[PDB]
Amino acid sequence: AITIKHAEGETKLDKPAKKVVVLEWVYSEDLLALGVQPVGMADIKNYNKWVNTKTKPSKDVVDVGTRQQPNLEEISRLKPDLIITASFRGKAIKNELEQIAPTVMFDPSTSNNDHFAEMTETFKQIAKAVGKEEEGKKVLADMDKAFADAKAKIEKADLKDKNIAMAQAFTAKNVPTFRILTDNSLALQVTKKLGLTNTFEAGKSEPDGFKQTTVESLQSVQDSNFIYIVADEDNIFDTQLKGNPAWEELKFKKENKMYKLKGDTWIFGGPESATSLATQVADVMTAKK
């Protein structure tokens, strides 16, 4: 009678789930980190393209459909014993998914935001729901060593400016869009473990961990280091900015304080995405010393 505490409260499970359906990428990456293959999964194609962690979904999992509109018909057809989704897009159809199986719902702002705290608590609660409580802390102890070795390269390769600003970038309706992350976000919570300091919007936190805006907002952090992920086909990203003085004459671009990570890095992911981000930051920024 294992007991799962999630955002929307409590859902008891008789036995650890073996046939599980995941309706968000973070929760899917969590189950795959625990060596558990789902039975259904939303948006697998663009998960393999944009999350792209080391434990990929197997072909035996079916595409449930879009994360926006899960195909309720073919969730039931698989008779899962546990459904995991975000409470944001779960309460929308909570009764309709609870009637297939016990349903658990997590929300990134469950512990004063701190999306890293909520990321780990949700990841362990999923390990307990799946019976992989020991495979859980191995995955998480591995991430703690990774944040240590990343921090190690930051001090033996010394720089003065510990200041950085991070953004996830894409193109939307033909304008380069920036999700500039704030203190409470998971990705900047990782960078703080490496001794870095985010300069975007100070002690202000946004409940979703970023501000979605345009290149014009980059002026306020233009003196810091810029780390960004282009989670879109980036050939258009530069083309829409290559003639733009808001982008070209930005101070960290002139001083080559720009560090473009790979678009592969899903900053809203779980433990495998947090390790990859950490060691990516340590290697791009300590490539000069």
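When you see a residue number, it is the position in the sequence shown, counting from 1.
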property: Stretch exceeding the other in mean C-alpha B-factor - 207-215, 71-79; result: 71-79
property: Entry-level comparison of average CA B-factors, 112-120 and 150-158, reporting the higher stretch; result: 150-158
property: Among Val221, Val36, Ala42, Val61 - the residue whose C-alpha B-factor is largest in the record; result: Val61
property: Out of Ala92, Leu186, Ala86, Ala165, residue topping the C-alpha B-factor column of the entry; result: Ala92
property: Chain-relative CA temperature factor third for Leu32; result: middle
property: Ranked against its chain, the third holding the CA B-factor of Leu241; result: middle
property: Among modelled residues of the same chain, the CA temperature factor third for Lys137; result: highest
property: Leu194 - Cα temperature factor, lowest/middle/highest third of chain; result: highest
property: CA B-factor placement of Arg179, once the chain's modelled residues are sorted into thirds; result: lowest
